[PDB]
């Protein structure tokens, strides 16, 4: 299951974004102030791809047919079929450390669905407050609002 993660992380801009992939760190909140979910080539992605059904769900690498691949997203035929799991949004980190999104985890402009890598992809949501949300089939997930 681990091999299904894109590891095309090259920090050519030298921002140090990769360390928060492996360690929670201390989010650097200082410096802080419309695509549909198609298919995503895997060699542009660094780390896990999270789609929200709204419940957080990890998307693994597949080929162009939906067959799981286990090459860490190295071959060009590795993709992320985001349009196969439909409010619906996805997010991930591209190779040079930018947060990519399609439609993300924002149920509202105010609240965002929590998941293990929320603060990596969105470092400016750290001071947000979490609380349980129940809503219908029922989804058990947590949200982060101002």
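Positions refer to the first chain, counted from 1.
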**OP:** Mind giving me a quick count class for deposited residues absent from the model between residue 86 and residue 87? Options are none, 1 to 3, 4 to 9, 10 or more.
**Re:** 4 to 9
Subject >> residue 103 to residue 104: deposited residues without atomic coordinates >> reply: 10 or more
**OP:** Compare the mean C-alpha B-factor of 36 to 44 with that of 53 to 61 as given in the PDB entry, and name the stretch with the higher value.
**Re:** 36 to 44
Original post:
Which is higher in the entry, the mean Cα B factor of 22 to 30 or that of 108 to 116?
Top reply: 22 to 30
Original post:
Once the chain's modelled residues are ordered by C-alpha B factor and cut into thirds, is residue 77 in the lowest, middle or highest one?
Top reply: highest
**OP:** Check where residue 126 lands among this chain's C-alpha B-factors and tell me if it's the lowest, middle or highest third.
**Re:** middle
Original post:
What third of its chain's C-alpha B-factors does residue 135 belong to: lowest, middle or highest?
Top reply: highest
